[PDB]
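Residue numbers (the authors' numbering), protein chains in the order written: chain O, 168 to 269; chain A, 36 to 134; chain E, 37 to 133; chain F, 20 to 102; chain B, 20 to 102; chain U, 35 to 109; chain H, 28 to 125; chain D, 30 to 125; chain G, 9 to 129; chain C, 9 to 119. Just below is one structure, and these are the notes that go with it.
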DNA sequence: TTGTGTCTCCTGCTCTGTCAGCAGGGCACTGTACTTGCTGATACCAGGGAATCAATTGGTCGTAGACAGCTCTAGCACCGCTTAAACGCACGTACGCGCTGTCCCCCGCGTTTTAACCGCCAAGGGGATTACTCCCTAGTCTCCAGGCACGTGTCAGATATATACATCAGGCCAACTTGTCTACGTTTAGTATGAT
DNA sequence: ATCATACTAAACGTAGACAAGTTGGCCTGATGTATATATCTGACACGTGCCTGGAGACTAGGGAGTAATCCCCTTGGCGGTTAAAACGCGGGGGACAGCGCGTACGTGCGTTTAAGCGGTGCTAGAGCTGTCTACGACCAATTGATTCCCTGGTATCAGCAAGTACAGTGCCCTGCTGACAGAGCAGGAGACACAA
């Protein structure tokens, strides 16, 4: 199989937005990518660390806690509404004018 | 799989709790009796000891050493340490008036 | 510029002066008033022989001098040269007070 | 007639001199109140014993012998005032 | 019949247990010789007093009351063995 | 005479290149091993370290002044 | 033939006091010996202090006043107060019932 | 009338002039020596009384005093005091 | 004349400890030439009171320890817990008494947020 | 007939301290029911020995200080310098006595 | 046949993926002390009896001390003056306390050695009890001299003054090391001269 | 005539001279202590009177010494079990060393305070003596409380097996960062091919 052209930021955004509640955790993101891309069955630690770094680095994602402790084993990340669309018009690979807080 | 292993200081606290809860004598009786007979040999030869006398001596000695170790632990903690050093015992005896 | 000894020099001179002397170091009248005040809690209209007040002052000064010796030893043990209230507390605790 | 605050009569220089006789080179600023407290406690104990001895003898004057006996009972035997 | 080096009979674990009852968490390696010396001095004093009491009574057996009186002379009164 | 202590300091810090900076004690050990009268040149080493820090050739990681650890500059 | 000297003790009185305080609790032999030692120790302390008090005032008799002063000197505050109260009660009751 | 208070002053002075013929002693030092003599007398007498009581004896003999001296004074002081006391008792017994 | 029924001096004083034995011990203890009539009564009352105090505290300790017999451990606990008795019996050691359990605060372990394996510095 | 000339028991024992007074103090001190004949002699001898020792050391200290009379300072120096007497009189305070001149080596200036 | 507009390559900024490290915490696994239940051992308690010895009652007798009254000692209050000590403030430095780093010492745990502990037996050494006896210490009376109170002389210590000497602290000179500036060697531009 | 090549001048790089900063040791002034000499005064040492406490002489009786006996507790020995001590080794974290800094404490000076000394005056209360009466010692007879021993019965405690609860340690996920490497895309320049 071939590597998808889609950048990890676009993959995370689509995974977050595709849920009925517009919200998913890291485990559910792993479930979605496993279901919809057989290619990523290899280089597991590589792409796992890559997406974790992307989540901790990109400013278009912000974390939210769990009120009654939830099932737990990890926190939850909300998409930043102010970022809007960034990968629109087919440019899934290299976004222009990245979102920034400052 | 590596075997279980407590970190340093945990079993020390367990031993502190165990030996502060209990009351039995901590020194082996027979070596202490031999020591008592040895020391008394200098003052008078061919002495006999009532068993009660040896038990009283052991009780007094253990109580004295326990109190001394309380004082020396306080002395060590005063110097911002956890390990009791011989200088701590020396200071405790000096303040008590034994030295 | 005026002469000025460095810190610790006059302190050592005072130590040498007061260790070789014997006269009482507390003022007599304030100590007498303190003695009368403390005794007033136990019995009103008490009277004191002058020798009684002198004996009390002798005992108190000797006790304080010994306590300060032990306090200085405690302070030196902790890698310090300044005595602090923790040193007095430790000396009293080990003494049994 | 009344006495209120005479513990302050053990002034800072007096405690400094007592420390100097004890071999103290440097003194923390908080020593003085601590020393006043210690001296007050010691005086309270000794004077209580002395006044008890005085009361037992049905006297109203505290004699030097009462103080000497109180100090001896405390374990601080004093030489120089009889007994 | 002769006793030579029984001070070493106060082994390291015994001193360690005594320290543990005293609330000591960590023990230096040189504590054990120091503790043996201190214990030997204390035992020598108490046994000297007890044997003096025994000799005064013209006995040959050191009774428990002799040890109790010897300890009381040091100011270390012991309850449980008479007196 | 030999080279100035700054060159020896640079050599010592560049010899190991640990992920964290070389501590003052480690650098002193390295200088002693390389051969230097470090007993009477503590002030020399301290002022050399301060000068190198000020000039930017060395970057201090955790401590202040001579304390802490030092590592080589970015370039 | 060959008797053995009877040994006096406070064991029965300690037991009576204990059953006055804790009717259901017992006491072991070792604890009884410790209490006997304690009673003898405090007895000798109070008696010695009373003797010294009598000697200082050049009196040849120990009375309840000397014992009262000795109790005041030895025991700390609250113990001294309660002990004096108990002793005064006992002496007054003894004098009245005599 | 006039009071009458006894003390060891003359005996302390005699001992002093035996040891140091040309040395005197002030009144305060004499009072201290009187206090010391009284204190040691009390200690030795009390220990001797305790020794007599422990053995169910109603007499304080020279043996009780000897044991009390050995119990109270440290090593060399105890030995010298015992020697002096034994010599004194022997001389007293022979002379009378 | 017929003798009246004997009443123990303790019974007159309402005590449990023996007034007569205390009087004998005072007379034979070589404390003074003469002993008053009320001195044994006062001393016996004081000794009874102190014994009652220590036994009350020791029984409380034993009850807290779920034991129905007072042992030397309970006497030690009672003595050292109460400050007055501890001051009275400060220079006394109780056989088989043990010590009060206490650990200095600085010796207790320092809580750490990290759950990683401990390693040398 | 006439009695023999009275001789003090101290003279018989060869002492300076009073055997008679010591015997009286033993008898009237409520120490025991009876007091042996030799107990006063032994106790007086011991007291004289201890007094002589302390006075010897005090006179030595006074001579070192270049004085003719012994004062409490000299007694303090004599007692605390000697190990045996200091052990005997460890818990005793001497009025108008000083303290032994000593300064901990840490406090001395760093030369 | 050439100037010119658009296509395609080269340059650099922007943004992304990735290796490795460190740290926070949910939760699984392990270990150890605590609690419950049962069985067997023994230590306490109650009753009875005998022994025994000492506490109580009644009476007499001596003196310890409570009480009254007087003497005169010293504890207490006050005032005035001198000046030594205490108090308040200014200034500076060195000492306490925090932080970082390192590496050796003590803690924890597994394995082997060893000497303590228990049970049993035996012998006999010395502590305890009993009887007899004798001589040592309390009690009493008489008497005198040893020690204490009081009084007086003098010289040893206290005070004052002057002089010497040891110690402390600052300033300055001399020696070692490093920052800044300058001269010799190398390299490129300008001008005279040889090559074609 | 037009070019390159060599000699000389000026830019560039580097080695060495110069001046500035740091440390150690010696000299000099200030200051406290130590020593020497004269004056004086009150605290020590010596002398006298006396009175009470120690010595001489004698007696009585009971405390202490000595001998004999007994049986209880100390010592010693033997064998088996296994609990404790001893040894070895890996490694965590705590003791120790070094550096930095800031403020708390030491030193010094001027002003305020009251301690110290001396003298006057008053009187509460220590200290003593004399009475005499209630209280404590002593003794004899009575008796009842206290101790010791044995029995039956019980409760309590100690030990062992099984389950539970608490707490300690660390896996493994998740989150955050510095640093090295790599795809997209905007803008500028060479190549292709057209209009006149």
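Where is the CB? At the ideal position from N, CA and C, for every residue including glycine.
Next on the checklist: My output table needs one value for residue 224 of chain O: the three-state DSSP class, helix, strand or coil.
Outcome noted: helix
Checklist entry - Helix, strand or coil: which one does DSSP assign to residue 103 of chain U? => result strand
Item to check | Contiguous alpha helix (DSSP H) assignments of at least 4 residues, all confined to the segment 76–110 of chain D | outcome: 91–101
Checklist entry - residue 53 of chain C CB to nearest chain D CB: under 8 Å? => result yes
Checklist entry - Residues in the segment 49–71 of chain E with C-beta within 9 Å of chain C's C-beta atoms, listed in sequence order? => result 51, 52, 54, 55, 56, 57, 58, 59, 60
Checklist entry - Taking the runs of the alpha helix (DSSP H) that are 4 residues or longer, which of them lie wholly in the segment 38–80 of chain A? => result 45–56, 64–78
Next on the checklist: Would you say residue 99 of chain G lies against chain B (beta-carbon separation less than 8 Å)?
Outcome noted: yes
Checklist entry - Hey, how far is the Cα of residue 84 of chain H from the Cα of residue 73 of chain G? => result 49 Å
Next on the checklist: What residue range does the alpha helix (DSSP H) around residue 98 of chain B cover?
Outcome noted: Looking at the DSSP string, residue 98 of chain B is not in any alpha helix (DSSP H); the run it does join, the beta strand (DSSP E), is 96–98.
Item to check | Paired residues, beta bridge with residue 50 of chain B - DSSP | outcome: In DSSP, residue 50 of chain B forms no bridge with anything.
Checklist entry - Within this structure, are the beta carbons of residue 64 of chain H and residue 98 of chain B separated by less than 8 Å? => result yes
Checklist entry - Does residue 73 of chain F have its Cβ less than 8 Å from a Cβ in chain H? => result no
Next on the checklist: Quick check on the DSSP output: the beta strand (DSSP E) that includes residue 39 of chain G runs from which residue to which?
Outcome noted: Segment: none, residue 39 of chain G is in no beta strand (DSSP E) and carries neither H nor E.
Checklist entry - Identify the residues that DSSP records as bridge partners of residue 92 of chain U: which are they? => result U:106
Item to check | chain G contact residues for residue 90 of chain H, given Cβ-Cβ distances below 7 Å | outcome: 44, 46, 47
Checklist entry - Which two residues bound the contiguous alpha helix (DSSP H) that contains residue 37 of chain D? => result Residue 37 of chain D -> no alpha helix (DSSP H), and no H or E assigned at all.
Checklist entry - Which whole-angstrom value is the C-beta distance of residue 80 of chain H and residue 96 of chain H, which I expect to be below 8 Å? => result 6 Å
Checklist entry - Using the beta-carbon of each residue, which ones in chain E are nearer than 7 Å to residue 81 of chain C? => result 58
Item to check | Pick from H:125, H:104, H:58 that is closest to residue 70 of chain G, judged by C-alpha positions | outcome: H:58
Item to check | Chain-ordered chain B contacts of residue 61 of chain H [CB-CB under 7 Å] | outcome: 98, 99
Next on the checklist: Helix, strand or coil for residue 246 of chain O? Go by DSSP, reduced to three states.
Outcome noted: strand
Next on the checklist: Please tell me whether residue 2 of chain G has its Cβ less than 8 Å away from any Cβ of chain A.
Outcome noted: No information on residue 2 of chain G is available, as it lies outside the stretch 9 to 129 that chain G covers here.
Checklist entry - Looking at the structure shown, is residue 112 of chain U part of a helix, part of a strand, or coil, going by DSSP? => result Absent from the structure is residue 112 of chain U, since the part of chain U shown begins at 35 and ends at 109.
Checklist entry - Looking at the structure shown, is residue 91 of chain B part of a helix, part of a strand, or coil, going by DSSP? => result helix
Next on the checklist: Please identify, using Cβ separations under 9 Å, the residues of the segment 68–88 of chain H that lie next to chain F, in order along the chain.
Outcome noted: 76, 79, 80, 83, 84
Item to check | Contact list for residue 102 of chain F against chain D, beta-carbon separation under 7 Å | outcome: 64, 67
Item to check | Supposed close pair residue 21 of chain B, residue 82 of chain A - CB separation, criterion 8 Å | outcome: Not quite, the Cβ-Cβ distance comes to about 13 Å (not below 8 Å), so this is no contact.
Next on the checklist: Taking only three categories from DSSP, how would you classify residue 131 of chain E?
Outcome noted: helix
Checklist entry - What are the residues of the segment 35–54 of chain F that lie near chain E, defined by any Cβ-Cβ distance shorter than 9 Å? => result 35, 36, 37, 38, 39, 40, 41, 42, 43, 44, 45, 46, 47, 49, 50, 52, 53, 54
Checklist entry - What residue range is occupied by the uninterrupted alpha helix (DSSP H) comprising residue 87 of chain G? => result 80–89
Item to check | C-alpha gap between residue 78 of chain H and residue 131 of chain E, whole angstroms | outcome: 29 Å
Checklist entry - Residues of chain E with a CB under 9 Å from the CB of residue 110 of chain A: which are they? => result 110, 113, 126, 130
Item to check | Cβ shell of residue 77 of chain G (< 8 Å), same chain only, five flanking positions each side left out | outcome: 70
Checklist entry - Got a sec: is the Cβ-Cβ distance from residue 133 of chain E to anything in chain C below 8 Å? => result no
Checklist entry - Which chain C residues are close to residue 52 of chain D, counting only those with a beta carbon under 8 Å from its beta carbon? => result 67, 70, 71, 76, 77, 78
Checklist entry - Is any beta-carbon of chain F found at less than 8 Å from that of residue 96 of chain H? => result yes
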